[PDB]
């Protein structure tokens, strides 16, 4: 699905302000290298304005709204739809464009990263770069912690 340009321009601005482009390395035993690579695009907002987030679900056509008390979040983690959405939002981002590029880069190498432990490690390096660009304050698992395999 191809999004409206004016919608993407406005959303890019809103994302640069209240959105988050997240890449995580989740320790999980059921996964090959004992870790799951997780990529998330989200937009946070006061629950009293949940209608704005619900609107994103309709406009983007995928994802959902999570409720966490007085705050809610629009969340999109499905890989294929994420790649399609971010590819279209990337040209308009100003503060988080680098993060969007790294996420797209990661997505495009996910298949081949699920083979070589070295390849996976490299991709985890890209995840570190995203965290370094965001205002990260509580990160634990890094490519270093993953190197313990």
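Positions refer to the first chain, counted from 1.
Look at the C-alpha B-factors of 8-16 and of 133-141. On average they run higher in 133-141. Here 22-30 and 95-103 are compared by their mean Cα B-factor, and 22-30 comes out higher. Of the candidates 121, 89, 43, 82, the PDB record gives 121 the highest C-alpha temperature factor. Considering 60, 110, 53, 39 together, the PDB entry gives 110 the largest C-alpha B factor.
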